[PDB]
There are 2 protein chains.
Amino acid sequence: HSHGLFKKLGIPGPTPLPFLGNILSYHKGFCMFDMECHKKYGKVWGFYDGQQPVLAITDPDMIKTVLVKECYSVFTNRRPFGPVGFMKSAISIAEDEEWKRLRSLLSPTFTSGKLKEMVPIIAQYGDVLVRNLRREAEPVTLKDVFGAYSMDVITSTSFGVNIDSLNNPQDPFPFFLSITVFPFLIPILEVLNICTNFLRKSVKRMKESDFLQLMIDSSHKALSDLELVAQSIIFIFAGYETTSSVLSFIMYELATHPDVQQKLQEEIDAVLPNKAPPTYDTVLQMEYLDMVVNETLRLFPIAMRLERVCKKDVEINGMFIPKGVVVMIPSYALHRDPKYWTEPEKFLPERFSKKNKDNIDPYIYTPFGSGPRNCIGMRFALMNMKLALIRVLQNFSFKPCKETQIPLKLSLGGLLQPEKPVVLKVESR
Amino acid sequence: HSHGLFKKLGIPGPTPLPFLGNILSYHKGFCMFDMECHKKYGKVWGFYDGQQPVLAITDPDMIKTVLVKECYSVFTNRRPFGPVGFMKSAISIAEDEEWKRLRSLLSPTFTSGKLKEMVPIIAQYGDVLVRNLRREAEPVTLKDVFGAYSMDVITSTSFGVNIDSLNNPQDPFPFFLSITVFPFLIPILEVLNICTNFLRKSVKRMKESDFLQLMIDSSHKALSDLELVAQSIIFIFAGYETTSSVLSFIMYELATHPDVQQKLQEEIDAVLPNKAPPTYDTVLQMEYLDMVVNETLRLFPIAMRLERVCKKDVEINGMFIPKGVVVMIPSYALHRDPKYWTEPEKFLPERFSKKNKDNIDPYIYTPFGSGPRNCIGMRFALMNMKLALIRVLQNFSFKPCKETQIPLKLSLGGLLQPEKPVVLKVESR
Ligand code: HEM
Ligand code: HEM
Ligand SMILES: O=C(N[C@H](CS[C@H](Cc1ccccc1)C(=O)NCCCc1cccnc1)Cc1cccc2ccccc12)c1cccnc1
Ligand SMILES: O=C(N[C@H](CS[C@H](Cc1ccccc1)C(=O)NCCCc1cccnc1)Cc1cccc2ccccc12)c1cccnc1
């Protein structure tokens with residue numbers, strides 16, 4: 001069918017098989033597929049997820065045109081996910097005009113000062129972590145401890161609840177993607193009644209009569225109860241998973257690089273002497289801390305792939321793109337590209353130093369994306385993580401163990417998840 | 001699911017059943033449904049074809065906004081038909097940018113002078129009709145004789161072929177619409193390989209090395225062989241069916257109204273004395289002839305329903321419409337509306353007289369639609385029909401028979417087709 005598209009465009013790529021397209025080459029994960037295609041075909045290439053044509057671009061100017069220059073008019077939406085039901089109205093899933101409203105509706109949640117009156121609330125949960133951390137079983141599953149914290153902070157910044165997750169919490173947060181081959185079955189399930197339930201109303205209950213309160217405020221600017229919940233489901237998952245997952249990845253690199261973990265712990269002692277309470281302005285000046293979370297986001301991107309659906313015919317940077325093609329930016333392949341990073345498989349936070357910050361193109365390293373559809377909780381995630389990295393390193397040191405996977409191997413599937421959990425030996429001072 | 005839409009909009013209509021919506025009320029045809037809903041709910045009402053919300057409008061200013069004012073930006077497309085395959089690129093089926101190109105590509109086919117150098121070719125096939133008509137079996141199936149002619153003229157104006165259809169032609173030109181209830185299965189069949197074949201290449205053969213020649217001319221302005229054929233399939237079907245079907249409907253009203261058939265035959269004798277050959281300018285001045293084809297198009301519209309898919313949220317004439325709603329204009333219900341026509345079930349061509357032409361709103365009587373997506377072959381159809389009505393009435397008179405359905409009843413399904421064919425007794429002079 002559409003498998004002759006890239007042939008007619010003069011665009012190279014792996015020859016697709018009938019119906020399946022190129023999905024068979026995902027047997028080592030799409031990152032390995034993206035990197036190998038990046039080396040065999042160059043700056044641009046096309047392939048097929050089933051019968052869906054995907055155009056991969058690695059040129060920075062062209063990437064900037066897709067994510068920024070032609071976002072509103074052409075590349076407004078990502079690949080349509082489903083079946084979801086009412087979750088179609090979630091901001092990270094909605095399209096065009098409905099998303100444009102949801103973005104403007106939820107933008108003021110993480111402004112400059114909106115995060116400033118969060119630290120007094122976030123700081124309290126930090127101690128709860130150091131208390132549950134101070135346990136002396138003289139490794140530790142870094143994910144659960146970080147997940148307990150990250151759930152406690154996003155459920156508190158969005159709504160009013162604290163949860164010492166030493167006991168059981170209620171947040172219940174895969175291997176199913178046949179649609180990517182055969183997605184034409186999504187409209188089948190949109191009427192087959194396919195989707196949350198416990199949380200689909202547990203959130204809905206919230207009346208409180210602030211993310212929750214800056215929404216019940218609900219002129220072409222309304223918000224149903226399900227809409228309230230649909231945004232809450234996204235914010236809770238993103239605040240729990242993304243934070244905790246990256247925090248554990250950061251700790252793995254700190255344990256396997258004692259010089260970096262030690263030089264960072266020196267940074268926290270100086271700027272915050274006598275283990276002073278982390279404020280909103282002390283985080284924003286620890287420079288080496290910023291480099292450490294930045295270099296970890298390079299080697300372990302949560303996206304791995306950035307994508308935009310072409311909505312109408314375009315010619316960008318001297319190349320025509322038809323409607324309905326998914327334009328993909330292989331962030332993982334670009335973050336590991338030896339053409340932009342020397343020894344790219346190595347953990348070296350000096351890439352983001354004061355002098356080396358200029359050599360980085362902001363359209364090759366895009367851990368939060370860019371443009372109007374970038375990560376809306378980027379600054380909340382950076383602050384929530386850095387507030388965590390500061391207090392946990394002011395008190396503890398982290399060290400490998402016999403139950404630690406070294407070198408850490410990432411699930412060769414479709415998730416910035418490790419094969420084995422990060423279990424590090426925690427030591428105290 | 002979406003069945004609560006019109007309830008939340010304050011818009012009345014028949015309460016839908018699960019999954020089916022309101023399709024059950026089509027048991028007397030959608031025209032009866034449109035007329036009865038027009039009388040029970042007023043100027044605007046909504047219903048569901050399955051789970052697809054359809055908004056019916058009868059206000060002329062609002063109809064003008066949909067068909068004309070907001071065509072390019074909002075109401076660019078009709079209901080997506082399928083499964084078709086390569087026929088998706090046919091102009092009457094394509095969407096937005098692809099249709100916008102196909103319209104500009106095929107517009108010059110029926111200009112002012114483009115039809116003027118057609119009459120010398122069309123006139124020859126007229127005689128072929130009067131020859132096959134002069135047969136004296138002293139009724140006649142009006143459709144086959146008209147269909148033989150209308151196929152001979154559109155296959156000649158578009159490509160080079162004549163066909164005395166006294167013998168067998170090759171044009172092979174239903175009752176299947178489950179999709180209207182359950183259309184989510186269309187993308188299933190777009191990959192299940194569901195569609196023409198004989199004609200899918202019989203047309204393709206055309207090389208000729210003029211509709212065919214003004215296309216092989218095939219910069220973002222190309223046309224594949226299938227595209228050539230896909231447009232040819234539409235032009236052939238429209239030139240054969242629409243012409244012959246309306247011609248037979250016109251003859252039925254002329255046979256059942258001898259005063260109108262006689263007054264029209266007087267009109268042809270005067271303007272064209274001594275049965276002078278019909279030219280391009282003699283057709284354009286027979287005024288009563290124009291009224292007769294106009295009044296027949298009122299009682300027997302080929303559309304019955306005009307529809308546009310709402311592509312983005314709009315507020316038109318003080319009413320909000322969400323994305324994805326099909327806006328329907330019930331042409332049949334409006335053509336039979338006693339509020340705009342006195343005794344609307346009666347055949348009275350004086351409604352379109354010189355003085356009575358002003359009382360007609362051009363957005364209540366829309367047999368060819370209006371706006372950028374109107375009938376592109378309107379003037380070719382009007383000329384091709386009037387050129388036929390002139391010569392066939394210059395020689396013959398048409399009269400009811402025992403094998404004639406009086407009063408004629410239309411298929412209560414979804415087609416301007418009669419229940420029984422128009423079989424009239426043809427007499428000569
Ligand atoms: C280390 C932490 C995080 C990373 C690396 C990350 C990464 C990303 C990326 C790559 C995108 C897509 C950008 C694009 O396609 O151009 C995105 C979007 C988004 N992020 Fe995050 N994210 C993080 C944390 C969070 C948090 C804490 C929230 C809290 C609400 C959040 C909410 C969202 C939403 C709602 C979107 C979709 C925005 C839209 O569709 O308009 N993210 N994020
Ligand atoms: C009595 C004869 C005819 C009638 C009553 C008729 C009626 C119509 C109507 C109601 C529409 C839709 C307009 C709208 O939705 O606003 C249409 C569209 C169209 N007609 Fe006809 N038609 C006739 C003959 C023809 C002929 C002879 C052709 C020859 C090519 C033709 C080609 C088309 C095409 C291609 C479209 C689609 C235009 C587009 O999608 O841009 N029609 N017609
Ligand atoms: O993942 C698909 N689309 C997605 C859009 S839906 C997806 C559904 C979902 C809901 C609840 C839990 C888990 C998944 C969704 O809401 N996620 C973002 C919600 C929270 C979050 C996570 C991470 C960074 N910030 C924010 C596009 C998308 C948006 C934002 C961030 C993303 C990060 C990685 C990958 C995709 C991303 C997809 C996959 C296969 C086929 N088609 C579509
Ligand atoms: O009929 C559907 N859509 C249609 C768009 S496809 C339809 C498919 C088809 C191809 C070949 C033979 C018969 C049908 C198509 O090409 N016709 C127009 C082709 C010739 C023609 C006929 C009549 C007046 N002029 C021109 C919308 C549409 C366009 C133009 C004129 C129309 C007249 C009456 C009704 C619909 C019309 C539909 C039905 C159910 C569900 N969804 C969609």
Side-chain angles (χ1 to χ4, degrees), chain A residues 49 67 71 77-82 84 87 90-94 99-100 102-103 106 109-110 150 153-154 157-158 173-174 177 179-180 183 186 196 211 231 233-243 245-247 249 293 296-297 300-308 326 329 331 366-382 384-385 414-416, chain B residues 49 78-82 84 87 90-93 173-174 177 179-180 183 186 196 233-242 245 301-307 326 368-369 373 375-378 381 414-416:
Chain A
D49 296 330
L67 279 70
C71 174
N77 304 318
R78 307 187 184 97
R79 223 186 277 236
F81 180 83
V84 282
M87 282 296 298
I91 175 187
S92 57
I93 320 174
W99 160 83
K100 233 121 51 193
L102 291 166
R103 189 80 183 196
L106 279 325
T109 326
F110 309 119
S150 300
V153 303
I154 229 293
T157 186
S158 271
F173 29 95
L177 234 331
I179 46 262
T180 269
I186 287 183
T196 169
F211 172 81
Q231 319 311 313
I233 296 177
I234 301 304
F235 277 58
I236 289 176
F237 181 88
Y240 159 78
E241 258 294 336
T242 65
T243 309
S245 178
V246 177
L247 291 179
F249 276 117
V293 328
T296 304
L297 286 172
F300 307 108
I302 257 162
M304 289 167 302
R305 285 178 160 187
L306 301 177
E307 286 179 2
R308 294 293 191 277
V326 171
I329 292 86
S331 305
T366 47
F368 295 90
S370 64
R373 284 214 87 148
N374 76 324
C375 181
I376 196 182
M378 165 192 57
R379 299 195 294 178
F380 166 71
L382 291 184
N384 184 228
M385 289 194 308
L415 20 126
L416 186 69
Chain B
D49 296 330
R78 307 187 184 97
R79 223 186 277 236
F81 180 83
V84 282
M87 282 296 298
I91 175 187
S92 57
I93 320 174
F173 29 95
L177 234 331
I179 46 262
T180 269
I186 287 183
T196 169
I233 296 177
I234 301 304
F235 277 58
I236 289 176
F237 181 88
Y240 159 78
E241 258 294 336
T242 65
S245 178
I302 257 162
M304 289 167 302
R305 285 178 160 187
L306 301 177
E307 286 179 2
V326 171
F368 295 90
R373 284 214 87 148
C375 181
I376 196 182
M378 165 192 57
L415 20 126
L416 186 69

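The figures here come from the full heavy-atom set of this structure, side chains too, leaving out hydrogens, waters and symmetry mates. As the structure lists them, so they are numbered: ligands from 1, and atoms in each ligand from 1. Convention: sequence-line order gives letters A, B, ...; per-chain numbering from 1.
- Proximity of a side-chain donor or acceptor of A/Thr157 to a complementary backbone N or O of A/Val153 within less than 3.5 Å is not detected.
- Of all the atoms in ligand 4, the ones that sit under 4.0 Å from a non-hydrogen atom of B/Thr242 are 22 (C), 23 (C), 24 (C).
- Using a 4.5 Å heavy-atom threshold, the side chains of A/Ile154 and A/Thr243 count as separate.
- Distance check on atom 4 (C) of ligand 3: every protein heavy atom falls at or beyond the 4.0 Å cut-off.
- A/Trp99 CH2 to A/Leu106 CG: the interatomic distance, rounded to the nearest 0.5 Å, is 12.0 Å.
- For ligand 3, the polar-atom distance check finds an N/O of A/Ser92 within less than 3.5 Å of one of the ligand's N/O atoms.
- Atom 7 (C) of ligand 3 lies below 4.0 Å from none of the non-hydrogen atoms of the protein.
- Salt bridge status for B/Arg79 with B/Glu307: present, with a side-chain N to carboxylate O gap under 4.0 Å.
- Residue-ligand proximity, B/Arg78 to ligand 4, at heavy-atom distances under 4.0 Å covers atoms 27 (C), 29 (C).
- Counting only heavy atoms of the protein, atom 40 (C) of ligand 3 lies nearest to A/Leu177 CD1, 4.1 Å.
- Note that SG of A/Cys375 and CD1 of A/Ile302 are 8.0 Å apart. Values are rounded to the nearest 0.5 Å.
- For atom 12 (C) of ligand 3, the nearest protein heavy atom lies under 4.0 Å away.
- For atom 36 (C) of ligand 4, no protein non-hydrogen atom is found at a distance below 4.0 Å.
- Here the straight-line distance linking atom CZ of A/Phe81 with atom CE of A/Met87 works out to 8.5 Å at 0.5 Å rounding.
- Closest heavy-atom approach to atom 21 (C) of ligand 4 among the candidates B/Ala238, B/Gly369, B/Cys375: B/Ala238.
- Atoms of ligand 4 lying under 4.0 Å from any heavy atom of B/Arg79, numbered from 1 in the order shown and given with element: 42 (N), 43 (C).
- Taken to the nearest 0.5 Å, the CZ atom of A/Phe380 stands 8.5 Å off from the OG1 atom of A/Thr242.
- Selection from A/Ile302, A/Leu415, A/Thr243, A/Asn77 by nearest heavy atom to atom 33 (C) of ligand 3 gives A/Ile302.
- Annotation: B/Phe237 is not in aromatic contact with B/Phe173 [ring centroid separation under 6.0 Å not met].
- Within 4.0 Å of atom 1 (O) of ligand 3, not a single protein heavy atom is present.
- In this structure, the protein non-hydrogen atom closest to atom 19 (C) of ligand 3 is A/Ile234 CG2, 3.6 Å.
- When hydrogens are left out, the protein atom nearest atom 38 (C) of ligand 3 is A/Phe81 CD1, 3.8 Å; that is the closest non-hydrogen contact.
- The closest side-chain heavy-atom distance from A/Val246 to A/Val293 is not below 4.5 Å.
- Less than 4.0 angstrom separates atom 31 (C) of ligand 3 from none of the non-hydrogen atoms of the protein.
- In this structure, B/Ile233 has no heavy atom closer than 4.0 Å to ligand 4.
- In this structure, A/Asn77 and A/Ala94 approach most closely via the heavy-atom pair OD1-O, 4.3 Å.
- Between the CG atom in B/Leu416 and the OG atom in B/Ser245 there is a gap of 5.0 Å [rounded to 0.5 Å].
- The protein residues lying under 4.0 angstrom from ligand 1, judged by non-hydrogen atoms, are A/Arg78, A/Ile91, A/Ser92, A/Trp99, A/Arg103, A/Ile234, A/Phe235, A/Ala238, A/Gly239, A/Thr242, A/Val246, A/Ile302, A/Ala303, A/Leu306, A/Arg308, A/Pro367, A/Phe368, A/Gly369, A/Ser370, A/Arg373, A/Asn374, A/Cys375, A/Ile376, A/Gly377, A/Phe380, A/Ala381, A/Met385.
- Side-chain atoms of A/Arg78 come within 3.5 Å of backbone N or O of A/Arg373 as a donor-acceptor pair.
- Between A/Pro80 and A/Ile186, the closest heavy-atom pair is O-CD1, 4.2 Å.
- Remark: A/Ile236 CD1 to A/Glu241 CD distance equals 13.0 Å, nearest 0.5 Å.
- At the shortest separation from atom 14 (C) of ligand 3 among protein heavy atoms lies A/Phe237 CE2, 4.6 Å.
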